[PDB]
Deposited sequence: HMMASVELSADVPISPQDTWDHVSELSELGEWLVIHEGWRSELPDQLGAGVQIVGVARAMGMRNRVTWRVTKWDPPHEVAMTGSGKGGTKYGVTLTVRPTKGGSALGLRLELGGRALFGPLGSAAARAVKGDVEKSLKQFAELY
């Protein structure tokens, strides 16, 4: 189970400059709240690097992997955490009047959201889905 928040903001620079800035992963710690800094750095998909992630006051060492790299449209990475917590950061660049639109999607798992007990929540809803699929099979 993953919970996502997606927010977009407009910036008066070219989609070129915006992409070149967000694609500068070394500078990610300058402005992305949840990235405190790296602990490992080449760039493209499959690149694996360890960083420190600050979410919800919990700080956790995460192994990030670039899952998508589409210049100059968008870059997306997912990461694994110590407690099996899952993270996702998806930055998109679109054109707009006056410049660009930068969209950040933040994805957190249950454990990264609430601790090792948000897994209780995740398990409950996953079991609801499992039971629904079964009852469907058993009735048709």
Sequence ranges absent from the coordinates, based on the deposited chain and numbered from 1: 1, 42, 45-46
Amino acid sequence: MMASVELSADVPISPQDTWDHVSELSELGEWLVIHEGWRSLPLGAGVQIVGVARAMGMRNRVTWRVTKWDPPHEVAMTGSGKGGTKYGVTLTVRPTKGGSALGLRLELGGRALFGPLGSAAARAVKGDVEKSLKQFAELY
From here on, numbers count along this sequence of modelled residues.
Per the entry, higher mean C-alpha B factor between 110-118 and 46-54: 110-118
State which stretch shows the higher mean Cα B factor in the entry: 62-70 or 81-89. 81-89
Looking at the C-alpha B-factor values in the deposited entry, which of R94, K97, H35, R105 comes out highest? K97
Record-listed C-alpha B factor of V22: chain third: lowest
